[PDB]
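Below: protein-v5.pdb (PDB, C-alpha atoms (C1' of nucleotides) and all ligand atoms)
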```pdb
ATOM      1  CA  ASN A   1      24.573  16.048  -2.634
ATOM      2  CA  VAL A   2      21.660  14.223  -4.260
ATOM      3  CA  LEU A   3      18.647  12.735  -2.463
ATOM      4  CA  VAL A   4      20.472  12.589   0.867
ATOM      5  CA  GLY A   5      18.999  12.401   4.374
ATOM      6  CA  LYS A   6      19.384  15.254   6.866
ATOM      7  CA  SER A   7      21.396  12.984   9.191
ATOM      8  CA  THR A   8      24.159  12.731   6.583
ATOM      9  CA  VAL A   9      24.518  16.509   6.170
ATOM     10  CA  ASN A  10      24.520  16.980   9.954
ATOM     11  CA  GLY A  11      25.702  13.841  11.786
ATOM     12  CA  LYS A  12      23.441  11.306  13.501
ATOM     13  CA  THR A  13      22.169  11.951  17.032
ATOM     14  CA  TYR A  14      21.554   9.445  19.822
ATOM     15  CA  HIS A  15      20.142  12.000  22.281
ATOM     16  CA  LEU A  16      16.819  10.256  22.882
ATOM     17  CA  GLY A  17      16.602   8.032  25.987
ATOM     18  CA  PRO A  18      14.541   4.936  26.843
ATOM     19  CA  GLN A  19      11.734   6.631  28.766
ATOM     20  CA  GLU A  20      11.175   9.045  25.887
ATOM     21  CA  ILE A  21      11.084   6.146  23.429
ATOM     22  CA  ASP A  22       8.536   4.345  25.594
ATOM     23  CA  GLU A  23       6.389   7.476  25.734
ATOM     24  CA  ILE A  24       6.558   7.806  21.952
ATOM     25  CA  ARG A  25       5.517   4.178  21.549
ATOM     26  CA  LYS A  26       2.585   4.707  23.903
ATOM     27  CA  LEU A  27       1.500   7.771  21.938
ATOM     28  CA  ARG A  28       1.673   5.808  18.692
ATOM     29  CA  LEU A  29      -0.431   3.033  20.209
ATOM     30  CA  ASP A  30      -3.008   5.567  21.382
ATOM     31  CA  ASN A  31      -3.724   8.005  18.528
ATOM     32  CA  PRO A  32      -1.968   7.591  15.162
ATOM     33  CA  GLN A  33      -3.817  10.388  13.304
ATOM     34  CA  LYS A  34      -3.096  12.998  15.996
ATOM     35  CA  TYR A  35       0.372  11.654  16.781
ATOM     36  CA  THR A  36       1.580  10.801  13.275
ATOM     37  CA  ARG A  37       5.234  10.066  12.508
ATOM     38  CA  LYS A  38       5.975  13.573  11.245
ATOM     39  CA  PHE A  39       4.518  15.105  14.400
ATOM     40  CA  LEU A  40       6.606  12.767  16.550
ATOM     41  CA  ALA A  41       9.732  13.731  14.621
ATOM     42  CA  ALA A  42       8.944  17.415  15.112
ATOM     43  CA  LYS A  43       8.471  16.852  18.839
ATOM     44  CA  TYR A  44      11.676  14.905  19.508
ATOM     45  CA  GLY A  45      14.133  16.326  16.927
ATOM     46  CA  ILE A  46      14.408  12.914  15.285
ATOM     47  CA  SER A  47      13.757  11.139  11.951
ATOM     48  CA  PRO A  48      10.320   9.719  10.966
ATOM     49  CA  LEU A  49      12.157   6.563   9.905
ATOM     50  CA  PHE A  50      13.623   6.252  13.397
ATOM     51  CA  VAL A  51      10.172   6.703  14.925
ATOM     52  CA  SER A  52       8.789   3.995  12.649
ATOM     53  CA  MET A  53      11.617   1.661  13.653
ATOM     54  CA  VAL A  54      10.915   2.324  17.325
ATOM     55  CA  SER A  55       7.153   1.941  17.330
ATOM     56  CA  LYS A  56       4.345   0.021  15.612
ATOM     57  CA  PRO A  57       0.961   1.779  15.358
ATOM     58  CA  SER A  58      -2.375   0.201  16.271
ATOM     59  CA  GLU A  59      -3.042  -2.563  13.737
ATOM     60  CA  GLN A  60      -6.542  -1.224  13.076
ATOM     61  CA  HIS A  61      -5.004   1.968  11.696
ATOM     62  CA  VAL A  62      -2.733  -0.065   9.429
ATOM     63  CA  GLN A  63      -5.710  -2.068   8.180
ATOM     64  CA  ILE A  64      -7.614   1.137   7.449
ATOM     65  CA  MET A  65      -4.639   2.501   5.519
ATOM     66  CA  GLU A  66      -4.420  -0.712   3.502
ATOM     67  CA  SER A  67      -8.127  -0.504   2.697
ATOM     68  CA  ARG A  68      -7.716   3.097   1.560
ATOM     69  CA  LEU A  69      -4.811   2.098  -0.673
ATOM     70  CA  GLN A  70      -6.880  -0.711  -2.184
ATOM     71  CA  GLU A  71      -9.734   1.700  -2.863
ATOM     72  CA  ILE A  72      -7.342   4.114  -4.559
ATOM     73  CA  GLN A  73      -5.972   1.305  -6.718
ATOM     74  CA  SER A  74      -9.498   0.286  -7.704
ATOM     75  CA  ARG A  75     -10.303   3.878  -8.639
ATOM     76  CA  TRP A  76      -7.477   3.712 -11.250
ATOM     77  CA  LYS A  77      -8.172   3.519 -14.967
ATOM     78  CA  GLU A  78      -6.725   0.721 -17.132
ATOM     79  CA  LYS A  79      -3.823   2.717 -18.539
ATOM     80  CA  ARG A  80      -2.628   3.958 -15.160
ATOM     81  CA  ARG A  81      -2.423   0.437 -13.743
ATOM     82  CA  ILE A  82      -0.320  -0.670 -16.708
ATOM     83  CA  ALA A  83       1.931   2.366 -16.303
ATOM     84  CA  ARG A  84       2.399   1.573 -12.618
ATOM     85  CA  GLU A  85       3.315  -2.011 -13.473
ATOM     86  CA  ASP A  86       5.838  -0.787 -16.043
ATOM     87  CA  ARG A  87       7.362   1.571 -13.478
ATOM     88  CA  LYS A  88       7.667  -1.281 -10.991
ATOM     89  CA  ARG A  89       9.377  -3.430 -13.619
ATOM     90  CA  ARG A  90      11.796  -0.605 -14.409
ATOM     91  CA  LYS A  91      12.601  -0.220 -10.715
ATOM     92  CA  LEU A  92      13.258  -3.951 -10.441
ATOM     93  CA  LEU A  93      15.559  -3.811 -13.461
ATOM     94  CA  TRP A  94      17.531  -0.852 -12.129
ATOM     95  CA  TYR A  95      18.992  -2.899  -9.208
ATOM     96  CA  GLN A  96      20.389  -5.633 -11.528
ATOM     97  CA  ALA A  97      23.519  -3.943 -12.934
TER      98      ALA A  97
ATOM     99  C1'   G B   1       0.824 -48.691   4.243
ATOM    100  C1'   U B   2       4.115 -47.157   8.791
ATOM    101  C1'   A B   3       8.631 -45.249  11.033
ATOM    102  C1'   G B   4      13.236 -42.575  10.895
ATOM    103  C1'   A B   5      17.013 -39.385   8.515
ATOM    104  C1'   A B   6      18.862 -35.077   4.160
ATOM    105  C1'   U B   7      17.223 -30.653   1.687
ATOM    106  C1'   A B   8      13.543 -26.850   0.161
ATOM    107  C1'   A B   9       9.276 -23.793   1.119
ATOM    108  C1'   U B  10       5.615 -21.641   4.780
ATOM    109  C1'   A B  11       4.135 -20.303  10.071
ATOM    110  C1'   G B  12       5.286 -19.660  15.158
ATOM    111  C1'   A B  13       8.591 -18.902  19.369
ATOM    112  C1'   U B  14      13.170 -16.933  21.296
ATOM    113  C1'   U B  15      17.279 -13.905  20.309
ATOM    114  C1'   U B  16      19.340 -10.078  16.802
ATOM    115  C1'   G B  17      21.908  -5.279  14.949
ATOM    116  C1'   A B  18      20.302  -0.158  13.779
ATOM    117  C1'   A B  19      18.799   6.927  15.327
ATOM    118  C1'   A B  20      19.857   2.811   9.578
ATOM    119  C1'   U B  21      22.877   8.014   1.876
ATOM    120  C1'   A B  22      13.485   8.306   4.802
ATOM    121  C1'   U B  23      14.942  17.085   2.974
ATOM    122  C1'   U B  24      12.049   9.548  -0.884
ATOM    123  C1'   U B  25      13.808   3.174   0.797
ATOM    124  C1'   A B  26       8.809   1.301  -0.468
ATOM    125  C1'   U B  27       3.877   4.106  -2.683
ATOM    126  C1'   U B  28      -0.243   7.937  -3.090
ATOM    127  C1'   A B  29      -2.116  12.529  -4.410
ATOM    128  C1'   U B  30      -2.311  17.385  -6.433
ATOM    129  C1'   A B  31      -0.527  21.427  -8.661
ATOM    130  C1'   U B  32       3.841  24.575 -12.330
ATOM    131  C1'   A B  33       7.361  23.782 -15.922
ATOM    132  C1'   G B  34       8.890  21.010 -19.804
ATOM    133  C1'   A B  35       9.259  16.384 -22.813
ATOM    134  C1'   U B  36       7.023  12.734 -25.402
ATOM    135  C1'   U B  37       3.989   8.193 -26.177
ATOM    136  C1'   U B  38      -0.502   5.484 -27.047
ATOM    137  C1'   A B  39      -5.101   4.405 -32.368
ATOM    138  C1'   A B  40      -7.537   0.332 -36.067
ATOM    139  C1'   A B  41     -13.120   2.437 -39.080
ATOM    140  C1'   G B  42     -10.616  -0.033 -42.426
ATOM    141  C1'   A B  43      -6.156  -2.075 -44.852
ATOM    142  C1'   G B  44      -1.198  -5.034 -46.293
ATOM    143  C1'   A B  45       1.709  -9.554 -45.690
ATOM    144  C1'   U B  46       1.776 -14.577 -43.778
ATOM    145  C1'   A B  47      -0.844 -18.595 -41.969
ATOM    146  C1'   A B  48      -5.132 -21.302 -40.963
ATOM    147  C1'   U B  49     -10.735 -22.365 -41.401
ATOM    148  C1'   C B  50     -15.076 -22.761 -44.455
ATOM    149  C1'   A B  51     -16.097 -22.528 -49.409
ATOM    150  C1'   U B  52     -16.074 -22.155 -54.920
ATOM    151  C1'   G B  53     -13.756 -24.674 -58.938
ATOM    152  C1'   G B  54     -12.350 -29.232 -61.160
ATOM    153  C1'   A B  55      -6.826 -29.410 -62.794
ATOM    154  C1'   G B  56      -4.377 -33.668 -61.353
ATOM    155  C1'   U B  57      -4.633 -39.007 -59.778
ATOM    156  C1'   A B  58      -6.843 -43.802 -59.928
ATOM    157  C1'   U B  59     -10.014 -46.727 -62.624
ATOM    158  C1'   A B  60     -12.719 -48.666 -67.757
ATOM    159  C1'   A B  61     -18.815 -55.146 -67.324
ATOM    160  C1'   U B  62     -15.444 -56.723 -62.533
ATOM    161  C1'   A B  63     -18.158 -61.107 -63.618
ATOM    162  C1'   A B  64     -16.833 -66.161 -65.304
ATOM    163  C1'   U B  65     -12.887 -69.237 -67.216
ATOM    164  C1'   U B  66      -7.752 -70.351 -68.259
ATOM    165  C1'   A B  67      -2.350 -70.485 -66.454
ATOM    166  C1'   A B  68       1.159 -68.771 -62.919
ATOM    167  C1'   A B  69       2.572 -66.641 -58.226
ATOM    168  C1'   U B  70       1.592 -65.717 -52.809
ATOM    169  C1'   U B  71      -0.676 -66.844 -47.937
ATOM    170  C1'   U B  72      -4.753 -70.960 -45.144
TER     171        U B  72
HETATM  172 MG    MG C 101      -2.332  -2.435 -32.504
END
```

Show me the file's structure as structure tokens.
Ligand SMILES: [Mg+2]
Amino acid sequence: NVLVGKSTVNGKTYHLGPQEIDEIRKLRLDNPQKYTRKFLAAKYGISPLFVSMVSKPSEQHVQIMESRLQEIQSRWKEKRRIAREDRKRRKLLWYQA
RNA sequence: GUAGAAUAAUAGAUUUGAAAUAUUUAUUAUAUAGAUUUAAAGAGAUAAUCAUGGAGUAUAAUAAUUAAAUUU
């Protein structure tokens, strides 16, 4: 098996109720850095992806993240940017078939 | 210029399915292994630009008069 999720190896679970979900959402809304997706997953025996699907974090956090990303991008050299672009192009190509 | 219909894009509202091949789908770091790749100080070729040079080309008092031809 190559690059497969844990849910495929051991079947999907629908154990988590509505109240729990609500709680999770609330937590996400409250403190994203303390209650990050990974942490949530650990808590409720469930995928980070699932958590993400369930619950949007505070938009401020998202904005901050975006800013950070931008900063990182800026910090790049010329060559690296070009390389990144090339990679992106390659990725795009590799869904054509 | 105004009004109404057909289609496209963008935004909003209301629904929507889903634990979504997230031990990488999108993207960011660092490490350890490997593997490679990217020069232009100058140059070649081709083209163009600015020259140099003066081959080639036209002309040989360009007036006046004579005759013819062509337009007013
Ligand atoms: Mg080069």

| field | Interatomic distance, atom CA of residue A:48 to atom CA of residue A:14 (Å, one decimal) | value |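 Going from atom CA of residue A:48 over to atom CA of residue A:14 covers 14.3 Å.
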
| message | What's the separation between atom CA of residue A:35 and atom CA of residue A:21, in Å to one decimal place? | response | 13.8 Å

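Here atom CA of residue A:50 stands at a distance of 5.6 Å from atom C1' of residue B:19.
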
| said: Residues contacting ligand MG 101 (chain C) - anything with an atom at most 12 Å away, using all atoms listed in the file - can you give me those as number ranges by chain? | reply: B: 38-40

| Care to translate the PyMOL selection byres ((chain A) within 10 of (chain B)) into actual residues of this file, as a VMD selection string? | chain A and resid 1 to 9 12 to 16 46 to 51 53 to 54 69 72 to 73 79

| field | All residues 10 Å or closer to residue A:32, only C-alpha atoms (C1' of nucleotides), same chain fewer than 5 positions away omitted, as a list in words | value |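 With the cut-off at 10 Å, the set is residues 27, 37, 39, 56, 57, 58, 61 and 62 of chain A.
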
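Those residues that approach residue A:55 to within 9 Å, counting all atoms listed in the file, are residues 21, 22, 24, 25, 26, 28, 29, 50, 51 and 52 of chain A; same-chain residues fewer than 3 positions away are not listed.
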